[PDB]
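Text of the file protein04.cif, holding mmCIF, C-alpha atoms and all ligand atoms:
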data_structure
#
loop_
_atom_site.group_PDB
_atom_site.id
_atom_site.type_symbol
_atom_site.label_atom_id
_atom_site.label_comp_id
_atom_site.auth_asym_id
_atom_site.auth_seq_id
_atom_site.Cartn_x
_atom_site.Cartn_y
_atom_site.Cartn_z
ATOM 1 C CA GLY Q 1 -17.145 20.795 -13.628
ATOM 2 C CA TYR Q 2 -14.883 22.676 -11.242
ATOM 3 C CA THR Q 3 -11.284 22.312 -10.076
ATOM 4 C CA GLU Q 4 -10.400 21.669 -6.435
ATOM 5 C CA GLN Q 5 -7.306 21.250 -4.286
ATOM 6 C CA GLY Q 6 -7.135 17.543 -3.502
ATOM 7 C CA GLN Q 7 -7.360 16.462 0.135
ATOM 8 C CA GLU Q 8 -5.710 13.238 1.254
ATOM 9 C CA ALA Q 9 -8.172 10.692 2.585
ATOM 10 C CA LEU Q 10 -5.451 9.800 5.112
ATOM 11 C CA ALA D 1 -8.332 -10.762 12.246
ATOM 12 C CA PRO D 2 -10.487 -9.174 9.553
ATOM 13 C CA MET D 3 -8.408 -8.257 6.508
ATOM 14 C CA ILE D 4 -8.970 -6.272 3.349
ATOM 15 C CA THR D 5 -6.597 -6.102 0.415
ATOM 16 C CA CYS D 6 -4.594 -2.935 -0.234
ATOM 17 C CA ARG D 7 -5.641 -1.438 -3.557
ATOM 18 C CA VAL D 8 -2.098 -0.211 -4.258
ATOM 19 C CA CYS D 9 0.367 -2.963 -3.306
ATOM 20 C CA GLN D 10 -2.208 -5.712 -2.598
ATOM 21 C CA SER D 11 -0.768 -6.466 0.834
ATOM 22 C CA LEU D 12 -3.345 -7.426 3.430
ATOM 23 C CA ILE D 13 -4.460 -4.741 5.902
ATOM 24 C CA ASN D 14 -5.720 -5.685 9.359
ATOM 25 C CA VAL D 15 -8.957 -3.759 9.963
ATOM 26 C CA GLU D 16 -9.629 -5.011 13.505
ATOM 27 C CA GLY D 17 -11.197 -2.186 15.505
ATOM 28 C CA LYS D 18 -11.172 0.024 12.402
ATOM 29 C CA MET D 19 -14.439 -1.042 10.772
ATOM 30 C CA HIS D 20 -15.987 2.344 11.653
ATOM 31 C CA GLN D 21 -13.448 4.170 9.434
ATOM 32 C CA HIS D 22 -13.985 5.031 5.782
ATOM 33 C CA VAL D 23 -10.392 4.252 4.729
ATOM 34 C CA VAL D 24 -7.466 2.329 6.202
ATOM 35 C CA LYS D 25 -3.715 2.782 5.810
ATOM 36 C CA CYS D 26 -1.456 0.020 4.483
ATOM 37 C CA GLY D 27 1.585 -0.699 6.637
ATOM 38 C CA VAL D 28 3.635 -1.734 3.579
ATOM 39 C CA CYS D 29 3.077 0.957 0.948
ATOM 40 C CA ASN D 30 1.673 3.587 3.388
ATOM 41 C CA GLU D 31 -1.243 4.423 1.079
ATOM 42 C CA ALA D 32 -4.946 4.308 1.930
ATOM 43 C CA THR D 33 -7.681 1.986 0.697
ATOM 44 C CA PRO D 34 -11.403 2.549 1.358
ATOM 45 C CA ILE D 35 -13.540 0.141 3.330
ATOM 46 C CA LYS D 36 -16.751 2.195 2.967
ATOM 47 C CA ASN D 37 -18.408 4.331 0.332
ATOM 48 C CA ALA D 38 -17.255 7.942 0.344
ATOM 49 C CA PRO D 39 -19.460 10.271 2.458
ATOM 50 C CA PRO D 40 -22.364 11.931 0.641
ATOM 51 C CA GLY D 41 -21.271 14.810 -1.515
ATOM 52 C CA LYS D 42 -17.721 13.437 -1.729
ATOM 53 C CA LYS D 43 -15.991 10.901 -3.981
ATOM 54 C CA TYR D 44 -12.735 8.971 -3.822
ATOM 55 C CA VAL D 45 -10.073 9.827 -6.413
ATOM 56 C CA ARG D 46 -6.902 7.762 -6.763
ATOM 57 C CA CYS D 47 -3.995 9.790 -8.125
ATOM 58 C CA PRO D 48 -1.464 8.053 -10.392
ATOM 59 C CA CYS D 49 1.058 8.706 -7.612
ATOM 60 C CA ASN D 50 -1.103 6.275 -5.503
ATOM 61 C CA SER D 51 -2.489 8.895 -3.114
ATOM 62 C CA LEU D 52 -6.139 8.386 -2.167
ATOM 63 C CA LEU D 53 -7.837 11.785 -2.340
ATOM 64 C CA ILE D 54 -11.304 12.863 -1.283
ATOM 65 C CA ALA D 55 -13.018 15.319 -3.621
ATOM 66 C CA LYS D 56 -16.363 17.065 -3.853
ATOM 67 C CA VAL D 57 -18.861 15.622 -6.323
ATOM 68 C CA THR D 58 -18.875 19.024 -8.081
ATOM 69 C CA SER D 59 -15.163 18.739 -8.975
ATOM 70 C CA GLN D 60 -14.123 17.588 -12.445
ATOM 71 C CA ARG D 61 -10.433 18.288 -11.802
ATOM 72 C CA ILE D 62 -8.379 17.534 -8.691
ATOM 73 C CA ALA D 63 -4.877 18.832 -7.942
ATOM 74 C CA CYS D 64 -2.826 16.310 -5.978
ATOM 75 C CA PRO D 65 -1.111 17.819 -2.899
ATOM 76 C CA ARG D 66 1.853 15.387 -2.901
ATOM 77 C CA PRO D 67 4.971 17.580 -3.370
ATOM 78 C CA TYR D 68 6.663 15.273 -5.897
ATOM 79 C CA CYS D 69 3.365 14.838 -7.757
ATOM 80 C CA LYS D 70 1.123 17.926 -8.126
ATOM 81 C CA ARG D 71 -0.685 16.186 -10.977
ATOM 82 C CA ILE D 72 -4.005 17.573 -12.193
ATOM 83 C CA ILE D 73 -6.470 14.674 -12.320
ATOM 84 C CA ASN D 74 -9.280 15.010 -14.893
ATOM 85 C CA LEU D 75 -12.343 12.980 -13.891
ATOM 86 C CA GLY D 76 -14.530 13.317 -16.996
ATOM 87 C CA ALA U 1 12.589 2.927 -19.035
ATOM 88 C CA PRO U 2 14.074 1.793 -15.716
ATOM 89 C CA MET U 3 13.264 -1.828 -14.934
ATOM 90 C CA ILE U 4 13.826 -4.286 -12.137
ATOM 91 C CA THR U 5 13.592 -8.058 -12.295
ATOM 92 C CA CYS U 6 10.939 -9.450 -9.937
ATOM 93 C CA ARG U 7 12.679 -11.958 -7.683
ATOM 94 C CA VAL U 8 9.442 -13.930 -7.307
ATOM 95 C CA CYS U 9 8.538 -14.511 -10.972
ATOM 96 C CA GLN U 10 11.455 -12.999 -13.010
ATOM 97 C CA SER U 11 9.128 -10.690 -14.947
ATOM 98 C CA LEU U 12 10.246 -7.125 -15.439
ATOM 99 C CA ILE U 13 8.746 -4.413 -13.243
ATOM 100 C CA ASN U 14 8.690 -0.968 -14.813
ATOM 101 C CA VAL U 15 9.677 1.519 -12.106
ATOM 102 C CA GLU U 16 9.617 4.701 -14.215
ATOM 103 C CA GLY U 17 8.135 7.437 -12.055
ATOM 104 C CA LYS U 18 7.714 4.871 -9.289
ATOM 105 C CA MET U 19 10.945 5.561 -7.416
ATOM 106 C CA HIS U 20 8.935 7.628 -4.896
ATOM 107 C CA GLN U 21 7.264 4.428 -3.636
ATOM 108 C CA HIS U 22 8.265 2.222 -0.710
ATOM 109 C CA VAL U 23 7.438 -0.904 -2.718
ATOM 110 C CA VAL U 24 6.507 -1.778 -6.261
ATOM 111 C CA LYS U 25 4.018 -4.429 -7.269
ATOM 112 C CA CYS U 26 4.860 -6.881 -9.997
ATOM 113 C CA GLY U 27 2.222 -6.671 -12.699
ATOM 114 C CA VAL U 28 2.543 -10.413 -13.354
ATOM 115 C CA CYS U 29 2.667 -12.267 -10.013
ATOM 116 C CA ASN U 30 1.210 -9.371 -7.980
ATOM 117 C CA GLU U 31 3.800 -9.755 -5.217
ATOM 118 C CA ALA U 32 5.453 -6.645 -3.783
ATOM 119 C CA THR U 33 9.174 -5.822 -3.866
ATOM 120 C CA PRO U 34 10.616 -3.093 -1.617
ATOM 121 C CA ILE U 35 12.667 -0.413 -3.341
ATOM 122 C CA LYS U 36 13.346 1.682 -0.219
ATOM 123 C CA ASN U 37 14.893 0.688 3.090
ATOM 124 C CA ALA U 38 12.373 -0.474 5.680
ATOM 125 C CA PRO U 39 11.184 2.308 8.035
ATOM 126 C CA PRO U 40 13.427 2.852 11.073
ATOM 127 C CA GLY U 41 13.240 0.010 13.557
ATOM 128 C CA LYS U 42 11.691 -2.252 10.912
ATOM 129 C CA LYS U 43 12.773 -4.989 8.521
ATOM 130 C CA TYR U 44 11.241 -6.774 5.539
ATOM 131 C CA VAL U 45 10.689 -10.540 5.541
ATOM 132 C CA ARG U 46 9.496 -12.583 2.558
ATOM 133 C CA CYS U 47 7.200 -15.430 3.585
ATOM 134 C CA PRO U 48 7.778 -18.780 1.838
ATOM 135 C CA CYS U 49 4.351 -18.193 0.205
ATOM 136 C CA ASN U 50 6.059 -15.063 -1.293
ATOM 137 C CA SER U 51 4.076 -12.503 0.735
ATOM 138 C CA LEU U 52 6.135 -9.437 1.634
ATOM 139 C CA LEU U 53 5.977 -8.923 5.415
ATOM 140 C CA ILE U 54 7.124 -6.099 7.660
ATOM 141 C CA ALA U 55 8.429 -6.753 11.175
ATOM 142 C CA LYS U 56 10.195 -4.898 13.948
ATOM 143 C CA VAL U 57 13.949 -5.472 13.837
ATOM 144 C CA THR U 58 13.677 -6.817 17.403
ATOM 145 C CA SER U 59 11.046 -9.451 16.527
ATOM 146 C CA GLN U 60 11.993 -13.105 16.871
ATOM 147 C CA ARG U 61 8.920 -14.286 14.957
ATOM 148 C CA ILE U 62 6.301 -13.041 12.519
ATOM 149 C CA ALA U 63 3.119 -14.590 11.149
ATOM 150 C CA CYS U 64 1.983 -14.481 7.551
ATOM 151 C CA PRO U 65 -1.514 -12.956 7.295
ATOM 152 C CA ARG U 66 -2.636 -14.877 4.177
ATOM 153 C CA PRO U 67 -5.406 -17.241 5.343
ATOM 154 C CA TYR U 68 -4.221 -20.098 3.101
ATOM 155 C CA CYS U 69 -0.698 -19.778 4.535
ATOM 156 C CA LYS U 70 -0.614 -18.426 8.132
ATOM 157 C CA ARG U 71 2.994 -19.586 8.413
ATOM 158 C CA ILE U 72 4.867 -18.665 11.572
ATOM 159 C CA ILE U 73 8.386 -17.541 10.639
ATOM 160 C CA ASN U 74 11.158 -17.852 13.206
ATOM 161 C CA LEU U 75 13.752 -15.144 12.526
ATOM 162 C CA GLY U 76 16.404 -16.253 15.009
ATOM 163 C CA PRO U 77 17.114 -18.381 18.069
ATOM 164 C CA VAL U 78 15.562 -17.829 21.491
ATOM 165 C CA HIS U 79 16.631 -18.090 25.104
ATOM 166 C CA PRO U 80 14.969 -20.848 27.146
ATOM 167 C CA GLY U 81 11.752 -20.013 28.962
HETATM 168 ZN ZN ZN X 1 -0.247 -1.279 0.318
HETATM 169 ZN ZN ZN X 2 -0.479 12.465 -6.725
HETATM 170 ZN ZN ZN X 3 6.545 -11.018 -10.171
HETATM 171 ZN ZN ZN X 4 2.723 -16.767 3.767
#
What's the C-alpha cells form of this structure?
Ligand SMILES: [Zn+2]
Ligand SMILES: [Zn+2]
Ligand SMILES: [Zn+2]
Ligand SMILES: [Zn+2]
Amino acid sequence: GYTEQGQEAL
Amino acid sequence: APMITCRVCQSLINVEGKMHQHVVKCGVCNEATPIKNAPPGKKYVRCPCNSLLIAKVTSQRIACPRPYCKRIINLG
Amino acid sequence: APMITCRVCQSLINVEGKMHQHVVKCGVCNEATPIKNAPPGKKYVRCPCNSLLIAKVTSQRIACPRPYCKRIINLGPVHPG
C-alpha cells in the first residue's frame, strides 16, 4: 500500500 | 506481418522481430501496449494521460513522470 | 468542453485534456484523427477503409495494414522503370 515514482514501460 | 492492436489509439502495431519484448510502441500515438504479462513483482499501470507505466506489486499509488501530467494514480 | 467533429462518423470527440496527444480516437467509430502535425519527414494518409496511416513524405505508396483491407495507396505519379 505504498507510493512509488512511476517508470515508463517505454 | 504479425500485428497487435494499440490499446490507446487502436492503430495496428507491427511486432515482427519484437515478440521477445514485453511492450511495443505505437507509431501513431507513440504510446506503449503490452504483448506479454508484466515481469514477476511488477504490474502494468495505464495513466489517464495514456502513458504505460511499470510499477511494483507493493505500490498502491503511482506518480506519473510525464511533465504535463504528474497525476497520482490510486490502484485500490 | 472542447469538441471536434469526427470526419469519419460525424460524432463529437471530446478533446478536453487531450490536446497533449498526437491523435484522438473517436469513441463511436474508433478511428483516429490527428490533432498535431505529423512528425518531421512524415505525413498522415487516411485509407479508404478509414484507417489512419503514417508515411514518409517521400513515399510514393503505402499499404494499409488491416487484413480485411490491405489496400495499396498510390500517393503520386512515378517515373518509368
Ligand atoms: Zn497508438
Ligand atoms: Zn500520466
Ligand atoms: Zn468517429
Ligand atoms: Zn485500409
Report as a list in words which protein, DNA and RNA residues come within 9 Å of ligand ZN 3 (chain X), using all atoms listed in the file.
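Listing the residues within 9 Å of ligand ZN 3 (chain X) gives residues 5, 6, 7, 8, 9, 10, 11, 12, 13, 25, 26, 27, 28, 29, 30, 31, 32 and 33 of chain U.
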For atom CA of residue D:35 and atom CA of residue D:19, the interatomic separation in Å (one decimal):
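Atom CA of residue D:19 lies 7.6 Å from atom CA of residue D:35.
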Neighbours of ligand ZN 2 (chain X) at 9 Å or closer, counting only C-alpha atoms and all ligand atoms: which residues, as a PyMOL selection string?
(chain Q and resi 6) or (chain D and resi 46-53+63-73)
Hits from the PyMOL selection byres (((not hetatm)) within 10 of (chain X and resi 4)), listed as a list in words:
residues 46, 47, 48, 49, 50, 51, 52, 53, 63, 64, 65, 66, 67, 68, 69, 70, 71, 72 and 73 of chain U
Residues within 8 Å of ligand ZN 1 (chain X), counting only C-alpha atoms and all ligand atoms: report them as number ranges by chain.
D: 5-13, 25-32
Can you tell me which residues surround residue D:59 at a distance of at most 10 Å, considering all atoms listed in the file, apart from same-chain residues fewer than 2 positions away, and format the answer as a ChimeraX atom specification?
/Q:1-6 /D:42-43,55-57,61-62,74-76
Spatial neighbours of residue D:38, 9 Å, all atoms listed in the file, chain gap at least 4 places, as an mmCIF file with C-alpha atoms, keeping the file's coordinate frame:
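Okay, around.cif is ready:
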data_model
loop_
_atom_site.group_PDB
_atom_site.id
_atom_site.type_symbol
_atom_site.label_atom_id
_atom_site.label_comp_id
_atom_site.auth_asym_id
_atom_site.auth_seq_id
_atom_site.Cartn_x
_atom_site.Cartn_y
_atom_site.Cartn_z
ATOM 1 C CA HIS D 22 -13.985 5.031 5.782
ATOM 2 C CA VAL D 23 -10.392 4.252 4.729
ATOM 3 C CA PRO D 34 -11.403 2.549 1.358
ATOM 4 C CA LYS D 42 -17.721 13.437 -1.729
ATOM 5 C CA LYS D 43 -15.991 10.901 -3.981
ATOM 6 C CA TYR D 44 -12.735 8.971 -3.822
ATOM 7 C CA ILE D 54 -11.304 12.863 -1.283
#
With only C-alpha atoms as the basis for distance, which of U:23, U:15, U:75, U:4 is at the shortest distance from chain D?
U:23
Find the distance between atom CA of residue U:20 and atom CA of residue U:41 and write it in Å to one decimal.
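Rounded to one decimal, the two atoms are 20.4 Å apart.
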Can you measure atom CA of residue U:36 to atom CA of residue Q:10 for me? One decimal in Å is fine.
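Distance between the two atoms: 21.2 Å.
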